[PDB]
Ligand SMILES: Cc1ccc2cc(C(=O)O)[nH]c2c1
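The chain below stands alone and is given as structure tokens, in the form deposited without the named molecule.
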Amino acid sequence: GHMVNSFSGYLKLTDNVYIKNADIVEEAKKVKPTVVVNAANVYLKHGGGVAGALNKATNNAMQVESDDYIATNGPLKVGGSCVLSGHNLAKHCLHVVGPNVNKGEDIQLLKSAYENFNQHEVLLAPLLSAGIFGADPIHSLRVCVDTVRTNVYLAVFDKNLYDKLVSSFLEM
């Protein structure tokens, strides 16, 4: 009934990593997690992917807040994060920058990116550096599982990708 961080329909991969075929925006709206993770760039310019979807669900409040934050502080580091408002989706949004391997950024920074998750007991998150950032999503899930020690609920939008991640994980 009425709780916050109530996750449902996740496959338990390990003691602390869960995965679901779901839209992270729809999950955030239902669950109202303490922390939702944004797949951000260093400029917190929420064009496309997860960032575009989260911002649109806040009616652009996330972009307004992000514009103010970056004008004040300057860009993040690749592999870095910042905690900003979760607006109407969550208590907080953890903006995490994975490497963009399509722009020749170092894949090693994906581990740094996931390390940010360890400062929060429970997160709703997407797979970092997958899609337009061009990392292999199987590799991103492996780095997540090997790096994150806190409770992470992964939302994978694409049915085929979800099925491929689960089959490859539970047969290794």
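Start at 1 with the first residue shown and count on from there. Heads up, when I say rigid core I mean the largest set of C-alphas that superpose within 1.5 Å between the two forms.
Problem set entry | Stretch departing more from the displayed form, 5-13 or 147-155, Cα RMS in 9 other deposited structures of this protein (core fit) | With the rigid core fitted, 5-13 is the stretch that strays more in 9 other deposited structures of this protein.
Problem set entry | Comparing 128-136 with 107-115, the one whose average Cα B-factor in the PDB entry is higher | Result of the comparison: 128-136.
Exercise. Once you work out the mean C-alpha B-factor for both 46-54 and 33-41 from the entry, which is higher?
Worked result: Here the higher of the two C-alpha B-factor means belongs to 46-54.
Problem set entry | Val25, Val17, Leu161, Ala155, ranked by C-alpha B-factor: the highest one | Checking the PDB record, the top C-alpha B-factor among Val25, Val17, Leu161, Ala155 is at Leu161.
For this session: Sort the modelled residues of this chain by their C-alpha B factor and say whether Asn88 lands in the lowest, middle or highest third.
Result: Middle third.
Exercise. Which third of the chain does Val97 land in by C-alpha B-factor: lowest, middle or highest?
Worked result: Bottom third by C-alpha B-factor.
As for the form deposited with the named molecule bound, it is not shown, yet the points below apply to it.
For this session: Consider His120 of the chain shown here, and say whether it contacts the named molecule in the bound PDB entry, taking contact as heavy atoms within 4.5 Å.
Result: No - in the bound PDB entry, heavy atoms of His120 and the named molecule never come within 4.5 Å of each other.
For this session: Find out whether any non-hydrogen atom of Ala90 is located within 4.5 angstroms of the named molecule in the bound PDB entry, and reply yes or no.
Result: Contact check for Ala90: yes, within 4.5 Å of the named molecule in the bound PDB entry.
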